[PDB]
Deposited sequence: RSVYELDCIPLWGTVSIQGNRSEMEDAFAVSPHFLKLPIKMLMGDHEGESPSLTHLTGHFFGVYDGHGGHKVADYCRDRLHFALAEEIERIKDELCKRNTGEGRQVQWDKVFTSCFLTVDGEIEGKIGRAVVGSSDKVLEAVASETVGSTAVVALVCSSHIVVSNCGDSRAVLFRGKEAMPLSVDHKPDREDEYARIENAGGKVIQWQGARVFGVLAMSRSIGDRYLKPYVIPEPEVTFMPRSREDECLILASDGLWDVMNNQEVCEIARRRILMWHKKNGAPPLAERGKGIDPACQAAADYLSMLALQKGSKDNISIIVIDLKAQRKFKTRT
C-alpha cells in the first residue's frame, strides 16, 4: 500500500488563511482485527499500515484548524492504542465510529479548555477564543479499507468505477435531520445569508465553537468503506472547492489529470514512490485549485488528491 497523494492549500481572495491540512503517511499500525477477521492463512499478517489525511476549514480564526492539523491524528493514534491495550463485521463499523467519535470529542474538549493537554502535567486552557472553530474531514487509508470521519462541510469523495461517491455529508443547519436536532436541543436556525444557527454560524457541526455548544456538536459521521479494485481516487477538500465544482466533475478531472501525467511522463521508479507527493496527484490537485480560482471561488481552497490505483497502464 504505497501512499500516492498530492496537495494544494491556498488562501485565495481571503484576508486570512484559515484552512489547514495534514498528511501523515505510514502513520498508524492498524490491528488487523479492526479491519477483517481470519479466513482460509496469513500468519505474518498482524497489522496494516494506515495513512492519515486531514483537511480542516477554520472559521472565526485560524487557531482551531491549526490545532487540528497538529493534534488530531495523534489523538486518533491514542484512541487506537487504548484498543491495542484492551484486546465481527458489524462490530468493526461500530468500533470505528466509536474510535473517531472519541477522537473528535477529545480534540473539541481540548480546544474548549475542558480536557487537559499534554505539557512536556496536563493543562486546561482554551486553544482559541470561544468563537473560533473548524471543520474536519479525515481519511484513514490502508490496503483493505478507507475510513472517513467528517464534522462540518468539508467533504471526502471516493471515485469508484465511473461514479463519484461522497463519503461524508455536509453538516449544514438546514439539512432536515440537523435542523430537527438543533431545534430539539433548544436551538434555532434562521435564514440570514444562508441557513445559520441563531443566524450566526452556517454549519451544524464543528470542532471548537464553544459559544454554540450544545447546538453545534463535534460528533462526526463515520464511514467504514471496503476498498475495491474499481477504486480510482479519493479527494478531500474544503468547500472552497465544492462551492464552485460538482462532485462527479472534480473526481473525473482528478482521474484525467493523473492519467495525462502518466501518459506523458511514465511512472516514477517504484523505489521513489510513497516518499513525498506523487507528481501525478500533485498535477491533479494543482489543476483543480486553478480551476476553482478561475471559476471565481473567493475562499481558501484546500485539496488532497489520493490515487487509489496500484498502477496505471495504457
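Undergrad: Could you sort out which parts of the deposited sequence are absent from the coordinates (no C-alpha) and give them as ranges from 1?
TA: Coordinates drop out over 1-7, 48, 96-99, 133-135, 330-333.
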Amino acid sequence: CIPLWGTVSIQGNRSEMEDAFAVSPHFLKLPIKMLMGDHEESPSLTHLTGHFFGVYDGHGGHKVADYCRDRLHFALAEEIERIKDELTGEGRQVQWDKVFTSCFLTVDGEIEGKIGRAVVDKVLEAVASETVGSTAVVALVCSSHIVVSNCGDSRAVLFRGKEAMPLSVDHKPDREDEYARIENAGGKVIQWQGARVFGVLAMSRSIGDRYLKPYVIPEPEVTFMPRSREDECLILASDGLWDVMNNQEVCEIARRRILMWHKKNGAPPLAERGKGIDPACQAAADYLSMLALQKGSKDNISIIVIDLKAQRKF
From here on, numbers count along this sequence of modelled residues.
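Undergrad: Could you check the entry and say whether 27-35 or 249-257 has the higher mean CA B-factor?
TA: Mean CA B-factor is higher for 27-35.
Undergrad: On mean Cα temperature factor in this entry, is 150-158 or 218-226 the higher one?
TA: So the stretch with the higher mean C-alpha B-factor is 218-226.
Undergrad: Sorting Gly240, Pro173, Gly89, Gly199 by Cα temperature factor from the record, which one lands on top?
TA: The C-alpha B-factor peaks, among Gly240, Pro173, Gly89, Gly199, at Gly89.
Undergrad: Highest CA temperature factor in the entry: which of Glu41, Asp57, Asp286, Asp70?
TA: Most elevated C-alpha B-factor of the set, per the entry: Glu41.
Undergrad: Using only modelled residues of the chain, where does the Cα B factor of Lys63 rank: lowest third, middle third or highest third?
TA: CA B-factor rank for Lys63: middle third.
Undergrad: Among the modelled residues of this chain, does the Cα B factor of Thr135 put it in the lowest, middle or highest third?
TA: Lowest third of the chain for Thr135's C-alpha B-factor.
Undergrad: When the modelled residues of the chain are sorted by Cα temperature factor, does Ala310 land in the lowest, middle or highest third?
TA: It falls in the top third of the chain.
Undergrad: What third of its chain, lowest, middle or highest, does the C-alpha temperature factor of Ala77 fall into?
TA: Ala77: CA B-factor falls in the middle third of its chain.
Undergrad: Comparing against every modelled residue in the chain, figure out the third that the C-alpha B-factor of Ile115 lands in (lowest, middle or highest).
TA: Ranked within chain, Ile115 CA B lands in the highest tercile.
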